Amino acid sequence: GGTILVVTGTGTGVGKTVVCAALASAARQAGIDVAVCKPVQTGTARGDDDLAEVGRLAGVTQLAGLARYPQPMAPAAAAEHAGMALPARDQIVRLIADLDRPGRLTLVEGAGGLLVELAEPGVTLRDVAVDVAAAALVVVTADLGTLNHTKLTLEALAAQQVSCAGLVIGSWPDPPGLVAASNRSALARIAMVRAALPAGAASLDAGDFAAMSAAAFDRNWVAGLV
């Protein structure tokens, strides 16, 4: 097969979708074939559609999902309020495994964080990563609390030997500010910061977004992913 990365956020409203779009855009510009998988979408009631955002921002067409829930909640809580169960473990693992192919970067975007239930019974994004032998790309803030959340996530990854492919600051403020400036340095000490995406990037059109994305990541790391 090719390369499967899970993309997981240390919190909500952290830029995980725009990070998926930006890495997909950068990988496409390096001539890599890209698929993005959002097995469970939540928050549809307020208009959430992460696959469509990835489509609009990065031009990916291989966009696969299994379930969509109205409530802005973690999947198990959204499925419980909907009265309809989450997808099965086999459904999620097989979709990703069938998406995966040589020459392709497949991004699996989580919902609700690394350790919450994503598929029944009690299977998490971490479990999925083990099952498909994906490394995990961790999307973080530069704001107070990030260091704890990041160290915690990295421990959780190590605890099941899921490789960490690095950090992405999903939104970098302008001007940085005192805390954000210190955290960017501190985060670089515990893991590789692959990019810091400028605040406001989700509002860009496709050409500007691809411009931002090509410059946001190390070109050699992107090309080395596959």
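The first residue of the sequence shown is number 1, and the count goes up from there. Rigid core here is just the name for the largest C-alpha set that superposes within 1.5 Å across the two forms.
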Open item on the list: Between 180 to 188 and 45 to 53, which has its CA atoms farther from the current form in 8 other deposited structures of this protein, using a rigid core superposition?
Closed with: 45 to 53
Task: Of 26 to 34 and 66 to 74, which departs more from this form in 8 other deposited structures of this protein by CA RMS after core fitting - done: 66 to 74
Task: 50 to 58 versus 173 to 181 - greater average Cα B-factor per the deposited record - done: 173 to 181
Open item on the list: Please compare 83 to 91 with 105 to 113 and say which has the higher mean C-alpha temperature factor in the record.
Closed with: 83 to 91
- [ ] Check the PDB entry and point out which of 66, 35, 162, 192 has the largest C-alpha temperature factor.
- [x] 192
TODO: For residue 19, return the chain-relative third of its C-alpha B-factor as stated in the PDB record: lowest, middle or highest.
DONE: lowest
TODO: Can you work out whether the C-alpha temperature factor of residue 100 puts it in the lowest, middle or highest third of the chain?
DONE: highest
Open item on the list: Taking only the Cα B-factors deposited for this chain, tell me whether residue 200 sits in the lowest, middle or highest third.
Closed with: middle
Task: CA B-factor placement of residue 166, once the chain's modelled residues are sorted into thirds - done: middle
Task: Ranked C-alpha temperature factor of residue 133 among modelled chain residues, by third - done: highest
